[PDB]
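What follows is a short report on a single structure.
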Amino acid sequence: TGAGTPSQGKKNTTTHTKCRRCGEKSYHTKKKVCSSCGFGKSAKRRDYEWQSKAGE
Amino acid sequence: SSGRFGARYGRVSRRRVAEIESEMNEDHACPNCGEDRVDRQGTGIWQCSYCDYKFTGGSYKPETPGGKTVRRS
Amino acid sequence: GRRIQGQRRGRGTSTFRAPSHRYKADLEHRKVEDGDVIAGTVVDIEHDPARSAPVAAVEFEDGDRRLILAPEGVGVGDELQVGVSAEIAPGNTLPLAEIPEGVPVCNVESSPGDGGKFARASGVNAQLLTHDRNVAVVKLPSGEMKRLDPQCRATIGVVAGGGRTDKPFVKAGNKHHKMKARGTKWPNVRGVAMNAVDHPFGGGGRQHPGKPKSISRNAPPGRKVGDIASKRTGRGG
RNA sequence: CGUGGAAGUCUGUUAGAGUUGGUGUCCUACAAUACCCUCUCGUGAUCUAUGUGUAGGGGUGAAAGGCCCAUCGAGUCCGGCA
RNA sequence: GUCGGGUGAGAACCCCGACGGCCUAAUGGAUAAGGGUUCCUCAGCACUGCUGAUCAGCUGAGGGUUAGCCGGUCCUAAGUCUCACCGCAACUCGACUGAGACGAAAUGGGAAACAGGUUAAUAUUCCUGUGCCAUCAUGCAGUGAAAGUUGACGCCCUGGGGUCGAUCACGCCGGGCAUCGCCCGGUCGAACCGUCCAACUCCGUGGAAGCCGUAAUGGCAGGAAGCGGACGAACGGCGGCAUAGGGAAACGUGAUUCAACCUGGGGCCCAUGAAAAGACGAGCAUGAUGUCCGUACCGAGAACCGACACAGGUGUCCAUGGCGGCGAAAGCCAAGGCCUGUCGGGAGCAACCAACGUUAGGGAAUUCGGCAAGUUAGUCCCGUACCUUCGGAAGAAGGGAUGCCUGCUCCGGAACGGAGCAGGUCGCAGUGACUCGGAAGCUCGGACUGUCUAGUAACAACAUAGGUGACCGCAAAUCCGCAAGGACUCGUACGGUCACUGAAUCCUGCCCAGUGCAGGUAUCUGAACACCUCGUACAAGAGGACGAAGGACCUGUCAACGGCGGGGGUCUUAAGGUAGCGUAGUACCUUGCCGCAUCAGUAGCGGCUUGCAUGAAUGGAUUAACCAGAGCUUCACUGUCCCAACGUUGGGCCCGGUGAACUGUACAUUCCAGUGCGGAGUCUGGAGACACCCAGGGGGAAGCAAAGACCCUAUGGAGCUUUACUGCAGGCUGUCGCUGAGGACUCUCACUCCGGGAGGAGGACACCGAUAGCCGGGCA
RNA sequence: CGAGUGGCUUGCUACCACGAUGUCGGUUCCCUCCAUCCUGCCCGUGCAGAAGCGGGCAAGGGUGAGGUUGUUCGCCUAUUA
RNA sequence: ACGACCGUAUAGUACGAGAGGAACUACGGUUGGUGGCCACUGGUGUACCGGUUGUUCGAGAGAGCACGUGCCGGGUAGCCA
Ligand SMILES: [Cl-]
Ligand SMILES: [Cl-]
Ligand SMILES: [Cl-]
Ligand SMILES: [K+]
Ligand SMILES: [Mg+2]
Ligand SMILES: [Mg+2]
Ligand SMILES: [Mg+2]
Ligand SMILES: [Mg+2]
Ligand SMILES: [Mg+2]
Ligand SMILES: [Mg+2]
Ligand SMILES: [Mg+2]
Ligand SMILES: [Mg+2]
Ligand SMILES: [Mg+2]
Ligand SMILES: [Mg+2]
Ligand SMILES: [Mg+2]
Ligand SMILES: [Mg+2]
Ligand SMILES: [Mg+2]
Ligand SMILES: [Mg+2]
Ligand SMILES: [Mg+2]
Ligand SMILES: [Mg+2]
Ligand SMILES: [Mg+2]
Ligand SMILES: [Mg+2]
Ligand SMILES: [Mg+2]
Ligand SMILES: [Mg+2]
Ligand SMILES: [Mg+2]
Ligand SMILES: [Mg+2]
Ligand SMILES: [Mg+2]
Ligand SMILES: [Mg+2]
Ligand SMILES: [Mg+2]
Ligand SMILES: [Mg+2]
Ligand SMILES: [Mg+2]
Ligand SMILES: [Mg+2]
Ligand SMILES: [Mg+2]
Ligand SMILES: [Mg+2]
Ligand SMILES: [Mg+2]
Ligand SMILES: [Mg+2]
Ligand SMILES: [Mg+2]
Ligand SMILES: [Mg+2]
Ligand code: NA
Ligand code: NA
Ligand code: NA
Ligand code: NA
Ligand code: NA
Ligand code: NA
Ligand code: NA
Ligand code: NA
Ligand code: NA
Ligand code: NA
Ligand code: NA
Ligand code: NA
Ligand code: NA
Ligand code: NA
Ligand code: NA
Ligand code: NA
Ligand code: NA
Ligand SMILES: [Sr+2]
Ligand SMILES: [Sr+2]
Ligand SMILES: [Sr+2]
Ligand SMILES: [Sr+2]
Ligand SMILES: [Sr+2]
Ligand SMILES: [Sr+2]
Ligand SMILES: [Sr+2]
Ligand SMILES: [Sr+2]
Ligand SMILES: [Sr+2]
Ligand SMILES: [Sr+2]
Ligand SMILES: [Sr+2]
Ligand SMILES: [Sr+2]
Ligand SMILES: [Sr+2]
Ligand SMILES: [Sr+2]
Ligand SMILES: [Sr+2]
Ligand SMILES: [Sr+2]
Ligand SMILES: [Sr+2]
Ligand SMILES: [Sr+2]
Ligand SMILES: [Sr+2]
Ligand SMILES: [Sr+2]
Ligand SMILES: [Sr+2]
Ligand SMILES: [Sr+2]
Ligand SMILES: [Sr+2]
Ligand SMILES: [Sr+2]
Ligand SMILES: [Sr+2]
Ligand SMILES: [Sr+2]
Ligand SMILES: [Sr+2]
Ligand SMILES: [Sr+2]
Ligand SMILES: [Sr+2]
Ligand SMILES: [Sr+2]
Ligand SMILES: [Sr+2]
Ligand SMILES: [Sr+2]
Ligand SMILES: [Sr+2]
Ligand SMILES: [Sr+2]
Ligand SMILES: [Sr+2]
Ligand SMILES: [Sr+2]
Ligand SMILES: [Sr+2]
Ligand SMILES: [Sr+2]
Ligand SMILES: [Sr+2]
Ligand SMILES: [Sr+2]
Ligand SMILES: [Sr+2]
Ligand SMILES: [Sr+2]
Ligand SMILES: [Sr+2]
């Protein structure tokens, strides 16, 4: 079975959902963790310096 | 008795399964009543259909050579 | 390269873990203050999934219900005793000191009160030989002479289910089922049939270990494969 | 002679799973792995839904360097980086 | 699809009728996920729709989802998170242990709802009727109360009970047909309340020494049959429910086979087949309360995922509609659905192409190769070789039969079940379509079922049982972590870890020199600390003494890595190839030689065989069975071929409509020669050439597509190896700290482990921190 | 021994193309060459005849089917002018 | 757009001791190629006619479907070898 089109057919699982904390559809409902703001993982907001060019 | 294995597995394997299963299926003398009515219930488990005596014993034989020693001493 | 199979093991993932949630009970010797006064009636005989052998359900005088490492010839109704004054019969459990010399014992304690360590597998048995005020010599199933504290408890008789290993599995399916009840990844792929990246014996145009199999004891995990610290190999000589 | 109904047993497009040949059709496709016929397994080491675990020099691997979201002899994203 | 008609400015495709068709585990019915308003109504056609559109999943506006008893909610599952504790430089990091919480919407467990009616759209939710559960309140009964039962359970075979359905019989109601008198539909009615009880178990009687009983196993003086009795089932029967409902009407009655559902018997495990909440136990009356969230629609060849209205992918239940037949098979047909696998019109419709039918004579001559195609086929009877692990081979092979009609026999309680008989009789053909093996032999490989390169490899590769070796007594071996800690392990040598070989059968020779591992070791070598000498008012530093593991040295070991020759009648470097097998999937020479087979055989098979360069768990030989595995032979068959023809369907061509892409330095009607960086439409010389268009099969544009995969180059990259360079983990070992009292020894008080505890074991060791030596592609 | 022709073999060179000029064998279909195997016309003969052997002109036409091998090549069989 | 071969008469002749054994010429045919044609033979012929299996239309009659004829038998014109 092909990894392409024939494997896209089984994609009806819901994972990432609208986040209670940040409002982004990044709250993984199976992990109970937001991939965007880190809600469910940390009290502090998810943020990294690599999200921008080093001298900015 | 290893006729279920068809023409598969080879002599040794099925000759042993036949011997072992033959002695396993034999009429066994119950340690209670004394009647030849003990039948295997599972792995190492035996039971008399007469008096219902359920007991432990060899995996395929109700008594093992090592078990028959425990008495003598 | 990549970590070899033996290294994935230690991580304890599902694939390598035992079906503990499917195991019945940890067969340990019952505790008694002293004086012995403890007896129970065998209420049932069950199949132990962790050991592929029969385990006896007992109900003690103080209304205590627990599974026991059943020796051979233990039936329902049978009365078992556990303590210093426990009658010297099969199925009973008393400290080695009270057990007569030259008597087959099973579920032997390593340190007094640990609940039994040695001789527990199907049909095996330890052998009490020498007595003393300090050390009771037991001959374990491997043939090793083990000097023990005479206060170490141990059940009389040989373990039930003996001769289990006498019948061949015959087919892969039969092994498959047995394996599913143990903490073991099966089947087994020979290292020699893998890529060099995956195992010390991997690679080559034809399958053969690219080095001698006997490895040093000091070899690091990831390289300690084949014949570990083999004192010798082969049958001849 | 009958009874019995065993089997990683047999035939089988039962359901289901698989994928031998046609090097057929297609090859700006219906489709970034499709179509048709043929073929294999089909009570078991079987197939399957959902839930769940294992994470990148790490998993997972009946081992093909296979697979880990069209990405694998070391995933993906951004950063290092002009 | 067609003919009429409807609506409209406009109609091939929007609607009505008729005719004609398609779908039958789906193209029908109910849903999970997922979508999210796609649902209904009205008004539209700028957008979207493979053409058109009055239509629409499109555009816009309105409307639409009603619950004590259907889900959620509650419970617990693999498992997850949080808090505490501990680690960590630290945390949003990390394992354990505690506590708490989370974790199941079709498909785990679970208090309770049925029938009808109603809407454009909801419906066990609203309405009508009837019913039920829980909590609480009051009243009465009640003092029992929680032990126990239940929730609650694997795979295979099977009996009994039994509803729906289906069919048979007959009656009633209605329809159809019209030579007959047959054919179709209907003949209804729930939850709930009451009641009945088979199986299982037990009790009394009875008194079997051979009887009772089963589909089968089985039962019995430890008490069989028989007789009586307690307990005890259905989503079943029966009565109510019901001058409820429903129907135009009738508004049935019996039977068989029986899904569901109920209840038993047997067999299997080196496999043992959840838990908890909850219910029961434990009465009745009356009354109150039963909130909160979900509920539309699609659920797919247009509502989901795949950029699309995608020929792909996507779970559950309807598995019992009729004929057919072994059948949930074919084929045909209901119920229900559809003509939207959504562009049409025209040409006897050419060439050419896709898919296919039939081909006389020959019959594999085709080809690398029977690739492709064909042959065979169901069922019954007869019959069946070699070989074999005695199972099998085997449907071997081969031969015969096969319909319809009439009248019957046998088995069975009977079937609308099965097996046969006699007579008659039609065809070219009776498994008449459909369904439905071609057969045999030799050789190689792997024993077998199984696994694999999602997307060029299904194989001889991986796996397997079996064989074997290695490590470890558990405070273990092996493995993960920086640590706190953890897997194996609810495990204990009949264990489980690490490897090899790969069913059975016959076997598995010799070699320990090298490398690897391991044991030993007088002596040699072997670090740091401490100690000793020199040096320095001290220090650096130089030297000595003792000496751990390690090495030297000695031994063990090849089912460890591997080896098994040359010369002569010992040399290397240990031995010098044993059984076997052999021109091999290993043999260069090579198409080896002989034979078989053929007209002819680099093929195949057998024999020989000095083997370029076979050979014994780097397993040797051999082998029944099995195989989408490699090679060869035969019978049969045939358009593969001789050698091609005609036909069928869809395209192709013409017409309406819709409407891309690839590609493009320029010029360009070319041809023959030459020339040129040596492979020119374009240069030179000739030749030829009026322009434009249609169809074709592809000679050329070193055609289009891709900064060549091959080769080289770069003080380029990566993956992999090792006795490459250098380092880093890890293991072993000495030493210092923890660390104490009296080169060997006692002790208990730190510390460790066992123990519920008391206490027991061990003990200044071990652990841990630090340093030193050795090993160290495990890793950079 | 000596002199040459060709450009089918092989070797040599590294001129051409590495932002690709798709392999061998086979097949199918078209044109050509002569260094002629057959066929036509000839000369010589160790030419009686018959059958051959050697040579000359000559490219009109022909040169086929099969067994092993992927083979080209080649070996083999039966037909053939 | 025709290439080539076999056979007969020549002739059992010329020639030769014999064995053996021609030619010119005139005829008949075969093969390969070529162009055309279908009276004849053969193929096709999902025009057509018949037989017949399963199922549906109640039976009969007469029909649909079984893939673009369910299958089997015969086959006109035409096109063909
Ligand atoms: Cl095992
Ligand atoms: Cl719901
Ligand atoms: Cl029964
Ligand atoms: K090139
Ligand atoms: Mg235990
Ligand atoms: Mg497991
Ligand atoms: Mg293996
Ligand atoms: Mg490999
Ligand atoms: Mg490696
Ligand atoms: Mg091997
Ligand atoms: Mg090997
Ligand atoms: Mg899963
Ligand atoms: Mg490889
Ligand atoms: Mg409208
Ligand atoms: Mg609706
Ligand atoms: Mg569509
Ligand atoms: Mg023919
Ligand atoms: Mg040929
Ligand atoms: Mg074929
Ligand atoms: Mg009868
Ligand atoms: Mg061969
Ligand atoms: Mg195989
Ligand atoms: Mg592949
Ligand atoms: Mg395969
Ligand atoms: Mg074993
Ligand atoms: Mg083993
Ligand atoms: Mg093995
Ligand atoms: Mg193998
Ligand atoms: Mg030979
Ligand atoms: Mg050997
Ligand atoms: Mg390049
Ligand atoms: Mg290369
Ligand atoms: Mg490199
Ligand atoms: Mg502890
Ligand atoms: Mg490296
Ligand atoms: Mg080209
Ligand atoms: Mg010439
Ligand atoms: Mg010519
Ligand atoms: Na029998
Ligand atoms: Na296929
Ligand atoms: Na990585
Ligand atoms: Na349309
Ligand atoms: Na009832
Ligand atoms: Na039927
Ligand atoms: Na199979
Ligand atoms: Na050696
Ligand atoms: Na060898
Ligand atoms: Na297979
Ligand atoms: Na044909
Ligand atoms: Na062209
Ligand atoms: Na690489
Ligand atoms: Na020349
Ligand atoms: Na070629
Ligand atoms: Na010529
Ligand atoms: Na040839
Ligand atoms: Sr597919
Ligand atoms: Sr899915
Ligand atoms: Sr968290
Ligand atoms: Sr930050
Ligand atoms: Sr324990
Ligand atoms: Sr314990
Ligand atoms: Sr290797
Ligand atoms: Sr030996
Ligand atoms: Sr099977
Ligand atoms: Sr292929
Ligand atoms: Sr196509
Ligand atoms: Sr393709
Ligand atoms: Sr085909
Ligand atoms: Sr099958
Ligand atoms: Sr960058
Ligand atoms: Sr539906
Ligand atoms: Sr318009
Ligand atoms: Sr609609
Ligand atoms: Sr919950
Ligand atoms: Sr449920
Ligand atoms: Sr029945
Ligand atoms: Sr609905
Ligand atoms: Sr679909
Ligand atoms: Sr219908
Ligand atoms: Sr349309
Ligand atoms: Sr015909
Ligand atoms: Sr052939
Ligand atoms: Sr051939
Ligand atoms: Sr026959
Ligand atoms: Sr073998
Ligand atoms: Sr696969
Ligand atoms: Sr073997
Ligand atoms: Sr050695
Ligand atoms: Sr020899
Ligand atoms: Sr064209
Ligand atoms: Sr010439
Ligand atoms: Sr000539
Ligand atoms: Sr060549
Ligand atoms: Sr050759
Ligand atoms: Sr003549
Ligand atoms: Sr003569
Ligand atoms: Sr038809
Ligand atoms: Sr047929």
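Think of each number as a place in line: the chain as shown, counted from 1.
Backbone N, Cα and C define each Cβ position, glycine as well.
Listed in Swiss-Prot:
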BINDING   A:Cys19, A:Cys22, A:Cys34, A:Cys37  Zn(2+) binding site
ZN_FING   A:19-37  zinc finger
Around the Zn(2+) site formed by A:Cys19, A:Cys22, A:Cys34, A:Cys37, list the extra residues of the same chain whose Cβ is within 8 Å of the site's Cβ centroid.
A:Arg20, A:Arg21, A:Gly23, A:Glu24, A:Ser26, A:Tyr27, A:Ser35, A:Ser36, A:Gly38, A:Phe39, A:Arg46
How many other Cβ atoms are found within 10 Å of the Cβ atom of A:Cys37 (Zn(2+) binding site), counting all protein chains shown?
21
Which residue, of the binding-site residues A:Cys19, A:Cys22, A:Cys34, has its CB surrounded by the fewest other CB atoms within 10 A?
A:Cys22
Summarise the zinc finger (A:19-37) by DSSP state, stating how many residues are helix, strand and coil.
0 helix, 6 strand, 13 coil
